[PDB]
Amino acid sequence: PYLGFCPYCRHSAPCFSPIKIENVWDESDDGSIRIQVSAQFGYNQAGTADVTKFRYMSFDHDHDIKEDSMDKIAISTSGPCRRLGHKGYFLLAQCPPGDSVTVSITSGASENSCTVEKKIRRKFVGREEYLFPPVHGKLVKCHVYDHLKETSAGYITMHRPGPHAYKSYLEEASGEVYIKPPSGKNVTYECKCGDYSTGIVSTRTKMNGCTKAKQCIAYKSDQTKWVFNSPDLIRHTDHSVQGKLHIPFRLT
Amino acid sequence: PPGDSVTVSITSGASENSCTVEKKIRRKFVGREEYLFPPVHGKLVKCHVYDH
Amino acid sequence: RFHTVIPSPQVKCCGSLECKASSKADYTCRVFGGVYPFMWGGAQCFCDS
Amino acid sequence: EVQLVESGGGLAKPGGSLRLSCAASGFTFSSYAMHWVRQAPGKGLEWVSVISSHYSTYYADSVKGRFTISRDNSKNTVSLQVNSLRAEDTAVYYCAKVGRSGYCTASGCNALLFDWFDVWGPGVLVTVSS
Amino acid sequence: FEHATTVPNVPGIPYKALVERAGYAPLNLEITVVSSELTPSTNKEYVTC
Amino acid sequence: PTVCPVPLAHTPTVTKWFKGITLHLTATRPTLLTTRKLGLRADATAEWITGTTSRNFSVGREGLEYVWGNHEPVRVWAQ
Amino acid sequence: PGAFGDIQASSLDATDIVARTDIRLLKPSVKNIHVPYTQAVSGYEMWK
Amino acid sequence: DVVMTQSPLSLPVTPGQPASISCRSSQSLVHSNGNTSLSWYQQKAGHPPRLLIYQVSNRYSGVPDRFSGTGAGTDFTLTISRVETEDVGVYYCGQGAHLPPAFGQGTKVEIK
Amino acid sequence: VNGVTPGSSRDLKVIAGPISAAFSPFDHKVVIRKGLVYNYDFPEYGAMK
Amino acid sequence: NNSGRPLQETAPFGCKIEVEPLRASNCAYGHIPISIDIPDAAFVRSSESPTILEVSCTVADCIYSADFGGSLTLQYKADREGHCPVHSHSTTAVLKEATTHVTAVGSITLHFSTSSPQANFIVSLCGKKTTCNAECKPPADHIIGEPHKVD
């Protein structure tokens, strides 16, 4: 459930959301649209399949994995879009024509949206334009994204998450830098405060020679998860391919 | 969003009171190239925006 | 249509990095100096220079 | 002041086991690789094992499968569990702190591989006899 | 000593000459038009909007 | 007044010949190209392009100047 | 770059993909971490 | 494993005169930084070894100036310029640039 | 550059000009808008149309 | 709506229009008659400049381009080690160096830019002259992003 840097959040500015889009496909002859966001869908808190809810990233310095329901996600390009299906990392929906696509979660009054530009154009199949597939007509060859959840258009590669620094972990007191890990989590830290230094602290620990809070970094070793090869994360030292997951909704 | 007229509406329950007036509001941009949104990466140029 | 995949970036943010040579299609790599990049804390580095 | 106290040694039987502890003070304990070294009576010392600040554990060849070094940074200690005791394990064991844990170059800054041991504890005697 | 010449009005270009006095050692003389500013005198008629 | 972020268009590709240039341009959106000669006569032209195209421009000894989108002006001088 | 066959491979699954798309990365400018780059359009689409 | 050899095994000395201890490695001990990981320690009877020299020429703080370290490659020497009575004890060279760390067998320095 | 006004640097005196050919990119009357300049023949003051 | 293109792209001679005050900056046109009263202390008595006994000029490969596309070498025999000023006495060739350290004997290589297909000009070092004679080829490139340093 990584969170990354959307170019357009709710208000005006680029900022970090769990539901950034990064890429979009629009080649299905029906106009069905497949979207990839950093969030997940159809999985419960531990990751086990549960259609009615989804899990995503937390806006806190503990930065755990939080959850919500399907009834409060919305897709819209020019008007609201009708969701057709969802599978973990991926969404698919029908959208009206427009210039950009927006995914929005409405956790009550907590609105978090990402928008990305994509000139989606009403397309058709045949030698004549038409608004809708007519009741009567010839049956010709077309290609539409398969609504089935368990299809596969390909695979995407996932890797161990890299370092993810924080500042609540760090603190400045009387010109000395201390670390404040959360409860029971072995948090690795490093810096040069003069000479270089590294280790892991699970409790509030002091640092020597450290005069400024900006001098050091601390973060917990969360190797129990795999993250997409997103361009808005600093990867781990070893970026070996460690997981592949299917790209649902194969263009059948 | 871009449009041809602006509408203000009060929804006092079912008591609906709205006013609409024409104004050709056109999506405008700054620079020497049109764009849908301010991109994440780019040059920083002079503008004038209404102060929030 | 090519899909342009951009791997996750890397920082050796007070050492030195070199762009190696890969075998990917139209592979491109480059190195930058002082960047001091922020992601969600507001600092991911020591030695801002 | 930097200080290392060793404890847990004494008399033991061959084939037995014992846990040694080294409590440290006067410096950032989590920031350094901790070493266990040994010197049995009348011989030179003998490096036994090291645990990095990243919990990376290396051992001498003679101590494989029997000695396990561990560490807790919260209470500032490094421990050595010893199993399958034998006669030549009889020695004074010294808990040792490197003055420097690594150095930095243009390719980055590196871990455990050291240049010198700056601090030694008083050491604790282990005597394996029948 | 006085020496006269006519440089070309081109910003940033070096122009070189050798002033040769009657008996003294010849002296190099190089000129760059580092910047130029053609400014007229203007009067404010009015504003409009 | 304040600052805005504005995109930087694709840098064109110069394809060259005897006293002049052929700029190959790509721009997903209407982007303005403006050029002018560096002699007595400006002969300046400005135009908006979409898609991908190419433009031939004669360059004299006095030189030619072009501005592509928000990129800074670029100067040239023929041989 | 920018023309048909800008990316080529012996097969869809072939791992010896060769392309020349005139991708050039740009120096990051904004304080936040990200990668800027510019590139020619997909000449497959241009031919289409 | 790096083999470290010291010589002489016994070095009777006289107070007031110089003395030297020679040290050979089976391998080079230079790092990528160019610093060489050789260190000289003194051990007194009933006491843990105390660092004298690190980075063959650099003297540790509080060490008397009469101690000095020289050498390069695999050949190194510790020189006492003016022996004192407290200088008796067992002197060891050790290395840390190669795993496992290796130390010289040691030289006993005693007053003639 | 007028042939009259001298420039001085502490020992060096110099006199420039006048230009070989006079020039001005500005016509008689101009318009200023947000740093942009136009050679527009605006109506004179009081002659609104 | 119908303002048209402002002067920042229309002013000829490629010179940049700026406001407060209104002006045009870096505007290349015409020539400046300039006359300088050089201080006498700048000059040095010629008894001190290192009198070169002989010089021979050999022009290397040269190309008449806007840049310093030509080079040459002067083989010199002089009497003393000094700082000879070097100059080109043609209006169609300009050097890159102005003064060069000079030994009692040696050779110095120089760089220059010219517009003529034939480089048949005069060079002075510590005053004294030599003809540099050679053929300059047409420029291989069709440009340089740099103004022609010579007419």
# chains A, B, ... in the order shown; residues from 1 in each chain; ligands from 1
call {"tool": "residues_around", "arguments": {"residues": "residue J:15", "least_positions_apart": "3", "cutoff": "10 Å", "atoms": "only C-alpha atoms", "output": "JSON, numbers by chain"}}
result
{"E": [11, 36, 37, 38], "F": [38], "I": [25], "J": [7, 8, 9, 10, 11, 12, 18, 23, 24, 25, 26, 27, 28, 29]}
call {"tool": "interface_residues", "arguments": {"of": "chain A", "to": "chain C", "cutoff": "7 Å", "atoms": "only C-alpha atoms", "output": "PDB file with N, CA and C atoms, in the first residue's frame"}}
result
ATOM      1  N   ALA A 165      12.189   7.497   5.704  1.00  0.00           N
ATOM      2  CA  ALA A 165      12.597   8.270   6.868  1.00  0.00           C
ATOM      3  C   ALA A 165      11.419   9.023   7.481  1.00  0.00           C
ATOM      4  N   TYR A 166      11.615   9.474   8.720  1.00  0.00           N
ATOM      5  CA  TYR A 166      10.620  10.258   9.438  1.00  0.00           C
ATOM      6  C   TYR A 166      11.320  11.226  10.379  1.00  0.00           C
ATOM      7  N   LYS A 167      10.555  12.208  10.868  1.00  0.00           N
ATOM      8  CA  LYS A 167      11.064  13.213  11.792  1.00  0.00           C
ATOM      9  C   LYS A 167      10.523  13.085  13.207  1.00  0.00           C
ATOM     10  N   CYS A 191      23.742   8.252  10.673  1.00  0.00           N
ATOM     11  CA  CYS A 191      24.222   9.576  10.277  1.00  0.00           C
ATOM     12  C   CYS A 191      25.718   9.706  10.517  1.00  0.00           C
ATOM     13  N   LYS A 214      18.614  17.790  11.580  1.00  0.00           N
ATOM     14  CA  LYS A 214      18.659  17.428  10.166  1.00  0.00           C
ATOM     15  C   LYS A 214      19.799  16.484   9.836  1.00  0.00           C
ATOM     16  N   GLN A 215      20.712  16.230  10.773  1.00  0.00           N
ATOM     17  CA  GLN A 215      21.905  15.453  10.483  1.00  0.00           C
ATOM     18  C   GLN A 215      21.655  13.959  10.364  1.00  0.00           C
ATOM     19  N   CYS A 216      20.530  13.441  10.859  1.00  0.00           N
ATOM     20  CA  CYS A 216      20.356  11.997  10.939  1.00  0.00           C
ATOM     21  C   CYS A 216      19.023  11.526  10.389  1.00  0.00           C
ATOM     22  N   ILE A 217      18.930  10.199  10.270  1.00  0.00           N
ATOM     23  CA  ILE A 217      17.760   9.534   9.710  1.00  0.00           C
ATOM     24  C   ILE A 217      17.457   8.296  10.541  1.00  0.00           C
ATOM     25  N   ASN A 229       7.441  -1.167  -8.308  1.00  0.00           N
ATOM     26  CA  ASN A 229       8.590  -0.389  -8.755  1.00  0.00           C
ATOM     27  C   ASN A 229       8.152   1.026  -9.116  1.00  0.00           C
ATOM     28  N   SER A 230       7.633   1.768  -8.136  1.00  0.00           N
ATOM     29  CA  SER A 230       7.126   3.097  -8.417  1.00  0.00           C
ATOM     30  C   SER A 230       8.284   4.088  -8.551  1.00  0.00           C
ATOM     31  N   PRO A 231       8.143   5.120  -9.387  1.00  0.00           N
ATOM     32  CA  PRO A 231       9.215   6.111  -9.531  1.00  0.00           C
ATOM     33  C   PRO A 231       9.254   7.171  -8.441  1.00  0.00           C
ATOM     34  N   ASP A 232       8.385   7.089  -7.430  1.00  0.00           N
ATOM     35  CA  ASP A 232       8.329   8.065  -6.346  1.00  0.00           C
ATOM     36  C   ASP A 232       8.738   7.465  -5.003  1.00  0.00           C
ATOM     37  N   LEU A 233       9.561   6.419  -5.018  1.00  0.00           N
ATOM     38  CA  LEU A 233      10.099   5.811  -3.809  1.00  0.00           C
ATOM     39  C   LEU A 233      11.600   5.631  -3.974  1.00  0.00           C
ATOM     40  N   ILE A 234      12.340   5.782  -2.879  1.00  0.00           N
ATOM     41  CA  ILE A 234      13.757   5.434  -2.867  1.00  0.00           C
ATOM     42  C   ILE A 234      13.846   3.944  -2.558  1.00  0.00           C
ATOM     43  N   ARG A 235      14.349   3.172  -3.513  1.00  0.00           N
ATOM     44  CA  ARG A 235      14.362   1.727  -3.387  1.00  0.00           C
ATOM     45  C   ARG A 235      15.393   1.257  -2.364  1.00  0.00           C
TER      46      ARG A 235
END
call {"tool": "interface_residues", "arguments": {"of": "chain F", "to": "chain A", "cutoff": "12 Å", "atoms": "only C-alpha atoms", "output": "ChimeraX atom specification"}}
result
/F:4-5,28-29
call {"tool": "residues_around", "arguments": {"residues": "stretch 13-19 of chain I", "least_positions_apart": "2", "cutoff": "8 Å", "atoms": "only C-alpha atoms", "output": "list in words"}}
result
residues 1, 2, 3, 4, 5, 6, 7, 8, 9, 11, 21 and 22 of chain I; 30, 31, 32, 33, 34, 35, 36, 37 and 38 of chain J
call {"tool": "select_by_dssp", "arguments": {"residues": "chain G", "states": "strand (DSSP E)", "output": "number ranges by chain"}}
result
G: 7-8, 18-19, 24-25, 37-38
call {"tool": "residues_around", "arguments": {"residues": "stretch 68-76 of chain F", "least_positions_apart": "4", "cutoff": "9 Å", "atoms": "only C-alpha atoms", "output": "number ranges by chain"}}
result
B: 31-33, 43; F: 6-12, 31-35, 38, 59-64; J: 14, 143-147
call {"tool": "write_last_selection", "arguments": {"atoms": "N, CA, C and O atoms", "output": "mmCIF file, in the first residue's frame"}}
result
data_model
loop_
_atom_site.group_PDB
_atom_site.id
_atom_site.type_symbol
_atom_site.label_atom_id
_atom_site.label_comp_id
_atom_site.auth_asym_id
_atom_site.auth_seq_id
_atom_site.Cartn_x
_atom_site.Cartn_y
_atom_site.Cartn_z
ATOM 1 N N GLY B 31 2.092 31.160 -19.626
ATOM 2 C CA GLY B 31 3.251 30.675 -20.345
ATOM 3 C C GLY B 31 3.029 30.735 -21.839
ATOM 4 O O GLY B 31 2.115 31.399 -22.340
ATOM 5 N N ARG B 32 3.889 30.018 -22.563
ATOM 6 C CA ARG B 32 3.844 29.958 -24.019
ATOM 7 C C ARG B 32 3.357 28.604 -24.526
ATOM 8 O O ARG B 32 3.536 28.286 -25.707
ATOM 9 N N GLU B 33 2.751 27.796 -23.657
ATOM 10 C CA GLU B 33 2.176 26.519 -24.054
ATOM 11 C C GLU B 33 0.949 26.250 -23.197
ATOM 12 O O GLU B 33 0.972 26.462 -21.982
ATOM 13 N N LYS B 43 9.382 25.243 -15.138
ATOM 14 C CA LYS B 43 9.948 26.531 -14.773
ATOM 15 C C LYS B 43 8.995 27.278 -13.845
ATOM 16 O O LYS B 43 7.781 27.063 -13.854
ATOM 17 N N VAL F 6 5.270 25.899 -14.693
ATOM 18 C CA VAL F 6 4.837 25.807 -16.087
ATOM 19 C C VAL F 6 5.668 24.743 -16.798
ATOM 20 O O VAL F 6 6.884 24.663 -16.563
ATOM 21 N N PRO F 7 5.089 23.940 -17.695
ATOM 22 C CA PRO F 7 5.857 22.849 -18.308
ATOM 23 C C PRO F 7 6.973 23.363 -19.202
ATOM 24 O O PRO F 7 6.986 24.515 -19.640
ATOM 25 N N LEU F 8 7.934 22.476 -19.454
ATOM 26 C CA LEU F 8 8.973 22.688 -20.453
ATOM 27 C C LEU F 8 8.737 21.702 -21.587
ATOM 28 O O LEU F 8 8.728 20.486 -21.365
ATOM 29 N N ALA F 9 8.543 22.227 -22.793
ATOM 30 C CA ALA F 9 8.218 21.390 -23.933
ATOM 31 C C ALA F 9 9.417 20.531 -24.325
ATOM 32 O O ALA F 9 10.542 20.727 -23.857
ATOM 33 N N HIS F 10 9.160 19.554 -25.191
ATOM 34 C CA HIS F 10 10.237 18.723 -25.710
ATOM 35 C C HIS F 10 11.231 19.583 -26.477
ATOM 36 O O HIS F 10 10.851 20.353 -27.364
ATOM 37 N N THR F 11 12.506 19.451 -26.133
ATOM 38 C CA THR F 11 13.540 20.196 -26.832
ATOM 39 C C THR F 11 13.593 19.726 -28.286
ATOM 40 O O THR F 11 13.708 18.517 -28.531
ATOM 41 N N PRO F 12 13.515 20.625 -29.269
ATOM 42 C CA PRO F 12 13.448 20.173 -30.663
ATOM 43 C C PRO F 12 14.770 19.567 -31.104
ATOM 44 O O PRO F 12 15.788 19.648 -30.414
ATOM 45 N N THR F 31 1.612 24.709 -28.386
ATOM 46 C CA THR F 31 2.796 25.363 -27.850
ATOM 47 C C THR F 31 3.316 26.370 -28.864
ATOM 48 O O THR F 31 3.275 26.133 -30.074
ATOM 49 N N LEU F 32 3.810 27.495 -28.353
ATOM 50 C CA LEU F 32 4.160 28.650 -29.169
ATOM 51 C C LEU F 32 5.647 28.622 -29.503
ATOM 52 O O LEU F 32 6.489 28.532 -28.603
ATOM 53 N N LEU F 33 5.960 28.698 -30.794
ATOM 54 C CA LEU F 33 7.320 28.866 -31.293
ATOM 55 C C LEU F 33 7.435 30.258 -31.897
ATOM 56 O O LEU F 33 6.595 30.647 -32.719
ATOM 57 N N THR F 34 8.460 31.008 -31.483
ATOM 58 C CA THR F 34 8.643 32.384 -31.945
ATOM 59 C C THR F 34 10.100 32.602 -32.318
ATOM 60 O O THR F 34 10.984 32.420 -31.480
ATOM 61 N N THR F 35 10.345 33.027 -33.557
ATOM 62 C CA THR F 35 11.700 33.235 -34.049
ATOM 63 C C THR F 35 11.814 34.610 -34.693
ATOM 64 O O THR F 35 10.817 35.210 -35.103
ATOM 65 N N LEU F 38 18.417 38.441 -36.674
ATOM 66 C CA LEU F 38 19.290 39.266 -35.849
ATOM 67 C C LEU F 38 19.952 40.384 -36.632
ATOM 68 O O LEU F 38 20.971 40.924 -36.189
ATOM 69 N N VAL F 59 18.824 30.823 -42.058
ATOM 70 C CA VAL F 59 19.691 31.519 -41.114
ATOM 71 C C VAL F 59 20.751 32.269 -41.905
ATOM 72 O O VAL F 59 21.478 31.667 -42.706
ATOM 73 N N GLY F 60 20.840 33.580 -41.677
ATOM 74 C CA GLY F 60 21.861 34.389 -42.308
ATOM 75 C C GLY F 60 23.110 34.518 -41.450
ATOM 76 O O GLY F 60 23.203 33.975 -40.351
ATOM 77 N N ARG F 61 24.085 35.258 -41.984
ATOM 78 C CA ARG F 61 25.317 35.512 -41.241
ATOM 79 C C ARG F 61 25.025 36.276 -39.953
ATOM 80 O O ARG F 61 25.602 35.979 -38.899
ATOM 81 N N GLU F 62 24.134 37.267 -40.025
ATOM 82 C CA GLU F 62 23.716 38.007 -38.838
ATOM 83 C C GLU F 62 23.158 37.087 -37.756
ATOM 84 O O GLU F 62 23.241 37.414 -36.567
ATOM 85 N N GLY F 63 22.576 35.954 -38.143
ATOM 86 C CA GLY F 63 22.110 34.947 -37.211
ATOM 87 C C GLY F 63 20.594 34.889 -37.124
ATOM 88 O O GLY F 63 19.872 35.752 -37.629
ATOM 89 N N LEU F 64 20.116 33.887 -36.376
ATOM 90 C CA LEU F 64 18.690 33.676 -36.121
ATOM 91 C C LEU F 64 18.484 33.350 -34.642
ATOM 92 O O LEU F 64 19.378 32.825 -33.972
ATOM 93 N N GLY J 14 18.243 41.339 -32.609
ATOM 94 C CA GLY J 14 18.281 40.339 -31.551
ATOM 95 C C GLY J 14 18.611 40.880 -30.179
ATOM 96 O O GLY J 14 19.472 40.318 -29.492
ATOM 97 N N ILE J 143 27.096 25.718 -39.067
ATOM 98 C CA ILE J 143 26.748 26.666 -38.013
ATOM 99 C C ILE J 143 27.897 26.776 -37.022
ATOM 100 O O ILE J 143 28.859 26.006 -37.048
ATOM 101 N N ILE J 144 27.780 27.770 -36.149
ATOM 102 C CA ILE J 144 28.132 27.630 -34.745
ATOM 103 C C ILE J 144 27.198 28.546 -33.970
ATOM 104 O O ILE J 144 26.818 29.617 -34.450
ATOM 105 N N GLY J 145 26.822 28.122 -32.768
ATOM 106 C CA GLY J 145 26.020 28.968 -31.904
ATOM 107 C C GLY J 145 26.850 30.055 -31.251
ATOM 108 O O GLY J 145 26.843 30.204 -30.024
ATOM 109 N N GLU J 146 27.558 30.837 -32.070
ATOM 110 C CA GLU J 146 28.525 31.811 -31.614
ATOM 111 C C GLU J 146 28.671 32.805 -32.765
ATOM 112 O O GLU J 146 28.845 32.380 -33.922
ATOM 113 N N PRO J 147 28.601 34.113 -32.511
ATOM 114 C CA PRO J 147 28.675 35.071 -33.621
ATOM 115 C C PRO J 147 30.029 35.049 -34.311
ATOM 116 O O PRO J 147 31.064 34.771 -33.701
#
call {"tool": "atom_distance", "arguments": {"atom1": "atom CA of residue A:137", "atom2": "atom CA of residue A:252"}}
result
21.3 Å
call {"tool": "decode", "arguments": {"residues": "stretch 5-19 of chain C", "atoms": "N, CA, C and O atoms", "output": "short mmCIF file (atom, residue, chain, number, x, y, z; two decimals), in the first residue's frame"}}
result
data_model
loop_
_atom_site.label_atom_id
_atom_site.label_comp_id
_atom_site.auth_asym_id
_atom_site.auth_seq_id
_atom_site.Cartn_x
_atom_site.Cartn_y
_atom_site.Cartn_z
N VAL C 5 9.12 2.65 -18.52
CA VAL C 5 9.29 2.29 -17.12
C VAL C 5 10.48 3.05 -16.56
O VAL C 5 11.57 3.05 -17.15
N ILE C 6 10.25 3.73 -15.45
CA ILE C 6 11.28 4.50 -14.75
C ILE C 6 11.52 3.79 -13.42
O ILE C 6 10.65 3.83 -12.55
N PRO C 7 12.67 3.13 -13.22
CA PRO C 7 12.91 2.50 -11.92
C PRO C 7 12.93 3.52 -10.79
O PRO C 7 13.05 4.72 -11.00
N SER C 8 12.78 3.00 -9.58
CA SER C 8 12.83 3.84 -8.40
C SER C 8 14.18 4.55 -8.33
O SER C 8 15.21 3.93 -8.63
N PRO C 9 14.23 5.84 -7.98
CA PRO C 9 15.52 6.54 -7.94
C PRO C 9 16.36 6.14 -6.73
O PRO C 9 15.90 5.51 -5.78
N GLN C 10 17.64 6.53 -6.81
CA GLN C 10 18.64 6.22 -5.80
C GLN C 10 19.41 7.47 -5.44
O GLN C 10 19.67 8.33 -6.29
N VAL C 11 19.83 7.52 -4.18
CA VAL C 11 20.63 8.62 -3.68
C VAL C 11 21.76 8.05 -2.84
O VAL C 11 21.53 7.26 -1.92
N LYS C 12 22.99 8.44 -3.18
CA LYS C 12 24.14 8.30 -2.29
C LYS C 12 24.47 9.74 -1.92
O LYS C 12 25.22 10.43 -2.62
N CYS C 13 23.88 10.21 -0.84
CA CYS C 13 23.70 11.64 -0.72
C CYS C 13 24.75 12.32 0.16
O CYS C 13 24.55 13.48 0.53
N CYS C 14 25.83 11.64 0.54
CA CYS C 14 27.15 12.29 0.48
C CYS C 14 28.26 11.30 0.18
O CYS C 14 29.26 11.22 0.89
N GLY C 15 28.07 10.52 -0.88
CA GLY C 15 29.17 9.85 -1.53
C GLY C 15 29.22 10.22 -3.00
O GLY C 15 29.19 11.41 -3.36
N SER C 16 29.31 9.21 -3.86
CA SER C 16 29.38 9.42 -5.30
C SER C 16 28.80 8.19 -5.99
O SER C 16 29.04 7.06 -5.56
N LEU C 17 28.05 8.43 -7.06
CA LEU C 17 27.45 7.38 -7.87
C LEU C 17 27.87 7.58 -9.32
O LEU C 17 28.17 8.69 -9.76
N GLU C 18 27.89 6.47 -10.04
CA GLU C 18 28.21 6.47 -11.46
C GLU C 18 27.11 5.73 -12.20
O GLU C 18 26.59 4.72 -11.72
N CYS C 19 26.80 6.21 -13.40
CA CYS C 19 25.81 5.54 -14.24
C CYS C 19 26.44 4.33 -14.92
O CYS C 19 27.33 4.47 -15.77
#
